[PDB]
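Coordinates as given in run03.cif (mmCIF, C-alpha atoms and all ligand atoms):
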data_final
loop_
_atom_site.label_atom_id
_atom_site.label_comp_id
_atom_site.auth_asym_id
_atom_site.auth_seq_id
_atom_site.Cartn_x
_atom_site.Cartn_y
_atom_site.Cartn_z
CA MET A 1 12.11 -6.70 -2.28
CA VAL A 2 10.55 -4.00 -0.05
CA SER A 3 11.76 -4.22 3.56
CA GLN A 4 10.14 -0.76 4.18
CA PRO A 5 6.64 -0.35 2.58
CA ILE A 6 5.98 3.03 4.36
CA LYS A 7 8.72 5.68 4.00
CA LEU A 8 6.65 8.91 4.42
CA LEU A 9 3.95 9.60 7.00
CA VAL A 10 1.83 12.77 6.61
CA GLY A 11 -0.67 14.34 8.99
CA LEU A 12 -3.18 16.75 7.41
CA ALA A 13 -4.25 19.90 9.19
CA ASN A 14 -4.64 23.65 9.03
CA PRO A 15 -2.00 25.95 10.68
CA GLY A 16 -2.45 28.76 13.13
CA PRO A 17 -4.35 29.42 16.36
CA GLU A 18 -7.68 29.94 14.59
CA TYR A 19 -7.55 26.15 13.75
CA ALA A 20 -5.59 24.75 16.74
CA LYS A 21 -7.12 21.59 18.30
CA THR A 22 -9.87 21.31 15.69
CA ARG A 23 -11.20 18.03 14.37
CA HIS A 24 -9.76 18.56 10.93
CA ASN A 25 -6.25 18.45 12.48
CA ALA A 26 -6.56 14.84 13.77
CA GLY A 27 -3.98 13.52 11.33
CA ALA A 28 -1.43 15.99 12.65
CA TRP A 29 -2.00 14.81 16.22
CA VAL A 30 -0.84 11.35 15.14
CA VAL A 31 2.33 12.70 13.55
CA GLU A 32 2.96 14.92 16.61
CA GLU A 33 2.62 11.98 18.99
CA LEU A 34 4.72 9.47 17.07
CA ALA A 35 7.43 12.21 16.83
CA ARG A 36 7.16 13.09 20.52
CA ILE A 37 7.61 9.41 21.41
CA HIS A 38 10.86 9.27 19.35
CA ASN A 39 12.28 12.57 20.71
CA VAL A 40 12.07 14.50 17.44
CA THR A 41 10.92 18.10 17.22
CA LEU A 42 9.40 19.09 13.90
CA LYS A 43 10.93 22.03 11.98
CA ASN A 44 9.34 24.18 9.32
CA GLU A 45 11.06 23.66 5.99
CA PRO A 46 9.99 26.18 3.28
CA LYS A 47 10.98 23.95 0.39
CA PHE A 48 8.54 21.32 1.65
CA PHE A 49 5.84 23.79 2.76
CA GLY A 50 5.36 22.34 6.21
CA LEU A 51 6.75 20.94 9.48
CA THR A 52 9.13 18.03 8.79
CA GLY A 53 11.13 15.42 10.70
CA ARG A 54 13.10 12.19 10.32
CA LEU A 55 12.43 9.42 12.80
CA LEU A 56 14.59 6.40 13.56
CA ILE A 57 12.27 3.47 14.36
CA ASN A 58 13.52 -0.11 14.39
CA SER A 59 16.70 1.48 12.94
CA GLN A 60 14.84 2.59 9.70
CA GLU A 61 14.20 6.20 8.61
CA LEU A 62 10.54 7.21 8.61
CA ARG A 63 10.05 10.79 7.43
CA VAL A 64 7.09 12.72 8.77
CA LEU A 65 5.29 15.86 7.64
CA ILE A 66 2.51 18.20 8.67
CA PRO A 67 1.73 20.59 5.85
CA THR A 68 1.30 24.33 6.48
CA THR A 69 -0.33 24.76 3.08
CA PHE A 70 -3.83 24.85 4.55
CA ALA A 71 -5.77 21.62 4.31
CA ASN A 72 -7.09 21.87 0.75
CA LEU A 73 -3.55 22.58 -0.50
CA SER A 74 -1.83 19.70 1.32
CA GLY A 75 -0.80 18.08 -1.97
CA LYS A 76 2.02 20.44 -2.65
CA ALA A 77 3.81 19.83 0.58
CA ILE A 78 3.51 16.10 0.12
CA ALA A 79 4.74 16.13 -3.50
CA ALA A 80 7.65 18.50 -2.78
CA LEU A 81 8.93 16.14 -0.09
CA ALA A 82 8.24 12.89 -1.88
CA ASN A 83 9.86 14.15 -5.14
CA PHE A 84 12.89 15.29 -3.18
CA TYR A 85 13.45 11.84 -1.62
CA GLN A 86 11.97 9.99 -4.76
CA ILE A 87 9.21 8.37 -2.63
CA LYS A 88 6.37 6.68 -4.51
CA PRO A 89 2.81 7.49 -3.55
CA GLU A 90 2.39 3.84 -2.63
CA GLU A 91 5.08 4.35 0.08
CA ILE A 92 3.19 7.23 1.70
CA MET A 93 0.75 6.97 4.59
CA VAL A 94 -1.63 9.93 5.13
CA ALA A 95 -3.36 10.33 8.50
CA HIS A 96 -6.52 12.37 8.32
CA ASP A 97 -9.78 13.15 10.08
CA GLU A 98 -12.45 10.82 8.71
CA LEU A 99 -16.10 11.76 9.09
CA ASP A 100 -17.38 8.24 8.11
CA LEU A 101 -15.91 6.67 11.28
CA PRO A 102 -16.95 7.49 14.83
CA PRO A 103 -14.81 9.12 17.45
CA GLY A 104 -12.57 6.52 19.04
CA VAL A 105 -12.18 4.44 15.86
CA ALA A 106 -9.21 4.27 13.50
CA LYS A 107 -8.72 2.28 10.34
CA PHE A 108 -6.08 1.83 7.68
CA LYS A 109 -6.99 1.90 4.05
CA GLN A 110 -5.19 1.87 0.68
CA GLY A 111 -6.46 3.58 -2.40
CA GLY A 112 -10.04 4.58 -3.08
CA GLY A 113 -12.05 7.76 -2.62
CA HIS A 114 -11.45 10.88 -0.58
CA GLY A 115 -14.85 10.75 1.14
CA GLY A 116 -15.15 14.54 0.63
CA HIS A 117 -11.91 15.46 2.46
CA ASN A 118 -10.51 18.04 0.02
CA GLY A 119 -7.08 17.53 1.54
CA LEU A 120 -7.14 14.02 0.15
CA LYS A 121 -8.56 15.31 -3.13
CA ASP A 122 -5.62 17.65 -3.51
CA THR A 123 -3.09 15.01 -2.40
CA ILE A 124 -4.43 12.58 -5.01
CA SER A 125 -4.26 15.30 -7.60
CA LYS A 126 -0.69 16.41 -6.76
CA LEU A 127 0.57 12.81 -6.81
CA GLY A 128 -0.09 12.55 -10.58
CA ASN A 129 -3.70 11.54 -9.83
CA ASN A 130 -2.50 8.33 -8.08
CA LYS A 131 -4.97 7.19 -5.37
CA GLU A 132 -2.99 4.23 -4.12
CA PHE A 133 -1.25 5.83 -1.13
CA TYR A 134 -2.15 4.46 2.27
CA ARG A 135 -4.47 6.27 4.59
CA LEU A 136 -4.88 6.30 8.37
CA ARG A 137 -8.49 7.22 8.91
CA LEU A 138 -9.12 8.97 12.17
CA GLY A 139 -12.74 8.84 13.02
CA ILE A 140 -14.48 12.09 14.00
CA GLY A 141 -18.25 11.37 13.51
CA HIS A 142 -20.98 13.22 11.54
CA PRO A 143 -23.39 15.83 12.96
CA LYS A 148 -23.17 22.02 9.53
CA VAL A 149 -20.07 20.06 8.26
CA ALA A 150 -17.88 23.16 7.85
CA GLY A 151 -18.74 24.08 11.51
CA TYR A 152 -18.11 20.51 12.76
CA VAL A 153 -14.91 19.73 10.92
CA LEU A 154 -13.46 23.10 11.90
CA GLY A 155 -14.85 22.82 15.48
CA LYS A 156 -13.26 21.57 18.71
CA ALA A 157 -14.55 18.23 20.04
CA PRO A 158 -16.25 18.32 23.47
CA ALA A 159 -13.95 17.07 26.22
CA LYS A 160 -15.53 13.61 26.65
CA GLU A 161 -15.32 13.17 22.89
CA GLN A 162 -11.73 14.45 22.77
CA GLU A 163 -10.53 11.63 24.97
CA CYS A 164 -12.23 9.20 22.56
CA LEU A 165 -10.16 10.85 19.81
CA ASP A 166 -6.97 10.69 21.83
CA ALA A 167 -7.41 7.01 22.56
CA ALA A 168 -7.64 6.48 18.79
CA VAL A 169 -4.57 8.55 18.25
CA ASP A 170 -2.81 6.40 20.83
CA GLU A 171 -3.84 3.19 19.09
CA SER A 172 -2.85 4.50 15.65
CA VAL A 173 0.56 5.34 17.03
CA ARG A 174 1.00 1.82 18.46
CA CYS A 175 0.00 0.32 15.13
CA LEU A 176 2.53 2.55 13.30
CA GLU A 177 5.27 1.36 15.56
CA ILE A 178 4.19 -2.14 14.95
CA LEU A 179 4.19 -1.46 11.21
CA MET A 180 7.83 -0.41 11.51
CA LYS A 181 9.11 -3.08 13.98
CA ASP A 182 7.03 -6.07 12.79
CA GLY A 183 5.64 -5.27 9.26
CA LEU A 184 2.63 -3.84 7.45
CA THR A 185 0.50 -6.97 7.70
CA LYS A 186 0.76 -7.16 11.51
CA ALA A 187 -0.21 -3.52 11.85
CA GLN A 188 -3.12 -3.96 9.41
CA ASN A 189 -4.40 -6.93 11.38
CA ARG A 190 -4.31 -5.08 14.66
CA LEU A 191 -6.18 -1.99 13.48
CA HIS A 192 -8.77 -4.00 11.61
CA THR A 193 -9.77 -5.63 14.92
CA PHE A 194 -9.83 -2.33 16.79
CA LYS A 195 -13.33 -1.69 18.19
CA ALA A 196 -14.55 -4.36 15.72
CA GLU A 197 -14.09 -7.60 17.68
NA NA A 201 -3.81 20.96 16.37
#
This structure in structure tokens:
Amino acid sequence: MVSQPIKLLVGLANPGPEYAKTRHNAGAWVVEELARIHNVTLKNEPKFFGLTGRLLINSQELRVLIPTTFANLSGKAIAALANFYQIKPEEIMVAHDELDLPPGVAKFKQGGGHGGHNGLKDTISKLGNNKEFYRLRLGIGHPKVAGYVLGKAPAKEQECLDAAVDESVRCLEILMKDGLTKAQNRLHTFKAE
């Protein structure tokens, strides 16, 4: 019935040099990487309010997106693009910095609460209040939250984050080549077992 459960992948972030390489852009790093690995450059597309791209993985189209809305307005980019290609929220995967998980940890999740990430709040809202999109939770720790989330991670910590990016990317490839379940199993065991 559904040979492709994930058709859109989004990476939340804030644009511009005053936010470059900050913790709150983790989601974007995952989109950047996955796109780099499939030789696609992202282009700004005004109608979708962000950097877009189409990736061919396992000979299926996976569309990617990094909004330029500013984080708390991410919903409008996501909705513009999903409405264009009639993509259900349930078919969307949103990578985002997650405070509730430590640096170096990544987890998938479907549905549920935003955990205070207003980016998620606004995404939920702009998808007709539907929570049931998938998430890729990139762990960034707790500590001052405004300062932390919009801060750069110290270098030892950054390599913890990059490892987690790397894993997330592997698990997204797996999701596309081998299915959702196999990717969910792999990430669930990550750092856990
Ligand atoms: Na960045």
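When atom CA of residue 119 of chain A is paired with atom CA of residue 73 of chain A, their separation reads 6.5 Å.
For the set A:150, A:157, A:55, A:136, the residue with the smallest atom-to-atom gap to ligand NA 201 (chain A) is A:157, counting only C-alpha atoms and all ligand atoms.
Among the candidates A:22, A:130, A:3, A:172, the one nearest to ligand NA 201 (chain A) when counting only C-alpha atoms and all ligand atoms is A:22.
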Wanna dump the chain A-ligand NA 201 (chain A) contacts at 12 Å for me, each residue with its shortest atom pair and the distance in Å to one decimal, counting all atoms listed in the file, ordered by chain and number, as a tab-separated table?
residue	atom	partner	partner_atom	distance
A:11	CA	A:NA201	NA	10.4
A:12	CA	A:NA201	NA	9.9
A:13	CA	A:NA201	NA	7.3
A:14	CA	A:NA201	NA	7.9
A:15	CA	A:NA201	NA	7.8
A:16	CA	A:NA201	NA	8.6
A:17	CA	A:NA201	NA	8.5
A:18	CA	A:NA201	NA	9.9
A:19	CA	A:NA201	NA	6.9
A:20	CA	A:NA201	NA	4.2
A:21	CA	A:NA201	NA	3.9
A:22	CA	A:NA201	NA	6.1
A:23	CA	A:NA201	NA	8.2
A:24	CA	A:NA201	NA	8.4
A:25	CA	A:NA201	NA	5.2
A:26	CA	A:NA201	NA	7.2
A:27	CA	A:NA201	NA	9.0
A:28	CA	A:NA201	NA	6.6
A:29	CA	A:NA201	NA	6.4
A:30	CA	A:NA201	NA	10.1
A:31	CA	A:NA201	NA	10.7
A:32	CA	A:NA201	NA	9.1
A:33	CA	A:NA201	NA	11.4
A:66	CA	A:NA201	NA	10.3
A:67	CA	A:NA201	NA	11.9
A:68	CA	A:NA201	NA	11.6
A:97	CA	A:NA201	NA	11.7
A:154	CA	A:NA201	NA	10.8
A:155	CA	A:NA201	NA	11.2
A:156	CA	A:NA201	NA	9.8
A:157	CA	A:NA201	NA	11.7
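For the residues A:176, A:44, A:1, A:60, ranking by smallest atom-to-atom distance to residue 94 of chain A using only C-alpha atoms places A:176 first.
Among the candidates A:10, A:159, A:101, A:187, the one nearest to residue 174 of chain A when counting only C-alpha atoms is A:187.
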Worksheet, complete the sentence: Computed gap from atom CA of residue 53 of chain A to atom CA of residue 6 of chain A is 14.8 Å
Worksheet, complete the sentence: Shortest contact to residue 127 of chain A, candidates A:62, A:180, A:191, A:80, atoms counted all atoms listed in the file, goes to A:80
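Take atom CA of residue 48 of chain A and atom CA of residue 135 of chain A: the distance between them is 20.1 Å.
Nearest to residue 122 of chain A of all the residues A:83, A:4, A:74, A:110 is A:74, based on only C-alpha atoms.
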Take every atom of segment 133-148 of chain A listed in the file, fit an axis-aligned box around them, add 8 Å per side, and give the centre and edge lengths in Å to one decimal as JSON.
{"center_x": -12.3, "center_y": 13.2, "center_z": 6.4, "size_x": 38.1, "size_y": 33.6, "size_z": 31.1}
Expected residue set, 8 Å radius at (6.1, 10.9, 4.4), all atoms listed in the file, as a PDB file with C-alpha atoms, in the frame of the given file:
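Everything below was put into out26.pdb:
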ATOM      1  CA  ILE A   6       5.980   3.030   4.360  1.00  0.00           C
ATOM      2  CA  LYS A   7       8.720   5.680   4.000  1.00  0.00           C
ATOM      3  CA  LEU A   8       6.650   8.910   4.420  1.00  0.00           C
ATOM      4  CA  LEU A   9       3.950   9.600   7.000  1.00  0.00           C
ATOM      5  CA  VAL A  10       1.830  12.770   6.610  1.00  0.00           C
ATOM      6  CA  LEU A  62      10.540   7.210   8.610  1.00  0.00           C
ATOM      7  CA  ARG A  63      10.050  10.790   7.430  1.00  0.00           C
ATOM      8  CA  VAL A  64       7.090  12.720   8.770  1.00  0.00           C
ATOM      9  CA  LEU A  65       5.290  15.860   7.640  1.00  0.00           C
ATOM     10  CA  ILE A  78       3.510  16.100   0.120  1.00  0.00           C
ATOM     11  CA  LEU A  81       8.930  16.140  -0.090  1.00  0.00           C
ATOM     12  CA  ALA A  82       8.240  12.890  -1.880  1.00  0.00           C
ATOM     13  CA  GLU A  91       5.080   4.350   0.080  1.00  0.00           C
ATOM     14  CA  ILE A  92       3.190   7.230   1.700  1.00  0.00           C
ATOM     15  CA  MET A  93       0.750   6.970   4.590  1.00  0.00           C
ATOM     16  CA  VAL A  94      -1.630   9.930   5.130  1.00  0.00           C
TER      17      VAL A  94
END
